[PDB]
Structure formats: C-alpha cells, structure tokens
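The chain below stands alone and is given in structure tokens; this is the form deposited in one PDB entry.
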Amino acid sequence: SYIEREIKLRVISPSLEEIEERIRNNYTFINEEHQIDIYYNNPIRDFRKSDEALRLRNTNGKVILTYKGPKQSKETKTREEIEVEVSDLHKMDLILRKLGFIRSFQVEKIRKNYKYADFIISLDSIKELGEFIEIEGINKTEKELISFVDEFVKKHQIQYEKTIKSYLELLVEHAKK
C-alpha cells in the first residue's frame, strides 16, 4: 500500500502559462503527460458513499489501474493509493465490466511536472474544470507540505483556492450547472 499526500490548488490568477514562466529558472521540468482517466463505481457498494475510487488511466500511452481509499486528512488531500500498470486498457476495462463494475465518468487533462528539491509541482490543465496545481512531497510530513505550498504561492504571487476534492468530484459539481 501507499499513502498519497498532496495539496490541490484551484488557480485564480495568473495563467498556468505565466506560472510556468515564473518557476522556469528554479524548477526543473520533468515531463508533460496527457492523461485520460475512466472512473468506475460498484453497484452494490457506492464509492461516493465510502469515499473510494477506481480509475483506469492512459498517460502518454502507459496504462495504470489505481485504487484510492477514503480521505485521511482535512487539511491536505491524503488517501491510500494502490497502482499497477497493465498491458492493455481495452482489455482491463472489459475485465472490470465483466466483473460488474460500471464506468462512471471520464477526466482528461494535460499535466506538466516540475521538480523542486523533494517536492513535485504538477501544473494541470483540466478539460472543462480549468487550471489547477497539485503539489506532492517526497518523505514530507503534512506540516512540511502545507508550509512549502504557502511559500510556493507567495514566491510566485499565485492567487488560489485550496481544495481536498478529487477531480472526479469537482467534475460532478461543475456538471450540476
């Protein structure tokens, strides 16, 4: 098992393109990922109730099956996350449907990953939700991550809103209107 702990910011200003310019000198670009996620639900156990998620991701052609458990924090996005790469997205999707899972919703995004010391900064252009930043810390406590994010937004003059909602949950709310 693995505990994924990150902070998610909804960017108000400036654009991600401008933010990319402000970090370009002191942050090292890692890669850009085009991610297409298919989320699933269990008809006999509502994941929206138990705060669980099951996702089949296509990121630059690499196919990843991810389980996510209930949130463990209110101040950061902290969840158990178990991931395995699979050989074929179509077939894995078929197996889930043969086992009784139902496709729920789809999330597509362009993620740009940057590295600063032990932190990973993800600049996220979410289709239909807008611009977001996710920050993760390697071997970092929740206090350290919160502190670094505060320095990050201040140093780069980012107006923002923190949220612990997943992209799947934000998409649903954005679809309400």
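Shifts are known only where both forms have a C-alpha. Just count from 1 along the sequence shown to find any residue number. Superpose the two forms; the largest set of C-alphas matching within 1.5 Å is the rigid core.
What comes next is about the form deposited in another entry, which does not appear here.
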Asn31: Cα shift of 2 Å or greater between the shown form and the other one (core-aligned)
no
Is there a C-alpha shift of 2 Å or more at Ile64 between the shown form and the other one once the rigid core is superposed? yes
The moving segments between the shown form and the other one, taken as three or more consecutive common residues whose Cα atoms each shift by 2 angstroms or more on the rigid core, are 38-43, 45-56, 63-71, 80-104
